[PDB]
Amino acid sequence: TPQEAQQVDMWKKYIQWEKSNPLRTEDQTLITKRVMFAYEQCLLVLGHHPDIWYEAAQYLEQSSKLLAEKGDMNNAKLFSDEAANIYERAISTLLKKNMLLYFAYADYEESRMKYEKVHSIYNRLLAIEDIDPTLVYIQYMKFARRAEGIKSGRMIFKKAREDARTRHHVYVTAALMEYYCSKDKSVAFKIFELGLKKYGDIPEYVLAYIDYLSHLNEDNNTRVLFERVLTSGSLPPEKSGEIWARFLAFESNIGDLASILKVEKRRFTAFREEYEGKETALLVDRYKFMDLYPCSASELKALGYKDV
């Protein structure tokens, strides 16, 4: 609502004034106390805004940093700990399923080295039945690996495959992790293959896999994967649109005109209904390269051309 936008601004503009140390004081612990009081007053009527909680926690974070740099250690801990309580209150009441704050809180405790504290935050979220954990497992994995090594990440991945709610993105994340961090193509291939087993009918997963393999730059292996995913019967034709496109493109970069036309023919087959009476529309994707088109916009729509 437009009216609420104004409340949020009066609060933020007011908190800003408070942050500009009106007292002209120098006792940082006193400024921070006045600023927090303001945030509190704000949270009483805007407790449903993730940003309010986040910025407040962010403030105690920067504050604690200042008192530390300026020697004061006692208040550096009090404010550091208070920040974490901000996150706790956030997810413990008004925003119980807010992934954004859970992740912020996780990162904050990770920065403070409280790894067990982190583990309990992610798992706390996961234990909430009505949410899509996919993105949660990903963050969790990135944390395990980052702070406890490969083996730790793998355990989180395993916990992810065993959760019925997890979706395909988790396999992509795991496979690439093995490839980028472990520098291990062998396992990358294994996890992708494993995910292809249950998500061979999801174009974004298949495309995700196709893409990883393409960049290895070994023409043959790449062609096999293309054939396998397109010709296994797992991926419906109505959804193979971009796979065909990618395949065409691939044959264009390192193949020959016979490979290209041949593939473009198999696609027309798959969409004998779709691109019917519009072969010219399909022809465009044979020439377009990142924002460059064989025809003008108006000319391009008069062909009935639509692009992914």
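We number the residues from 1 along the sequence you see.
Undergrad: Mean Cα B factor from the PDB record: higher for 31 to 39, or higher for 49 to 57?
TA: The deposited B-factors put 31 to 39 ahead on the C-alpha mean.
Undergrad: When the Cα temperature factors in the entry are averaged, is it 78 to 86 or 121 to 129 that ends up higher?
TA: On average, C-alpha B-factors are higher across 78 to 86.
Undergrad: Once the chain's modelled residues are ordered by C-alpha B factor and cut into thirds, is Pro203 in the lowest, middle or highest one?
TA: Within its chain, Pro203 is a lowest-third residue by C-alpha B-factor, going by the deposited values.
Undergrad: Which third, lowest, middle or highest, does the CA B-factor of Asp211 fall in along this chain?
TA: Lowest third of the chain for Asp211's C-alpha B-factor.
Undergrad: Which third, lowest, middle or highest, does the C-alpha temperature factor of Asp72 belong to within its own chain?
TA: It falls in the top third of the chain.
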